[PDB]
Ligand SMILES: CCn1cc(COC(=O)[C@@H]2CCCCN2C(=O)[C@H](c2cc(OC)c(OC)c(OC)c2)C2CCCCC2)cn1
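In structure tokens, one chain follows: the form deposited without the ligand.
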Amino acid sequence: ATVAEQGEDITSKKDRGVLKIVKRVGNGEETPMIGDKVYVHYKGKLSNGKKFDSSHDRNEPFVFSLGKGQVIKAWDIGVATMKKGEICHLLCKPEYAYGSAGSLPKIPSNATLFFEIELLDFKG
């Protein structure tokens, strides 16, 4: 409800597909470029508030190459806006996440996802 009402629309289409609230400021003024390796911790919740995934259960950072579609669209878009050490909240419409297919059983069809994401590091 906070992110839905106060979050910044960081999509190009301005369709409110990805809404962002910074929770902890990062340290660099720098954000990752496309193709940079990004290292994140994250927690994801559905709209009933139920968890669906977290990097913290293994306590192992989630690692991906930014802007290569190795992750949901909301992450390629959101993580690009983050500074090293930043934590943000992202509210993600299904079009920018798992869509009508979902990711069953954990993620229903047409689910809006809520992520808390920490950008631990990134390297070009």
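Throughout, we count residues from 1 along the sequence that is shown.
We do not show the form solved in complex with the ligand, though everything after this point is about it.
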Sole residue of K84, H89, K45, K93 within 4.5 Å of the ligand in the deposited complex, by heavy atom: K45
Contact flag, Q70 vs the ligand in the deposited complex, heavy atom cut 4.5 Å: yes
Proximity of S103 to the ligand in the deposited complex, heavy atoms at 4.5 Å: yes
Touches the ligand in the deposited complex: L19 (any heavy atom, 4.5 Å): no
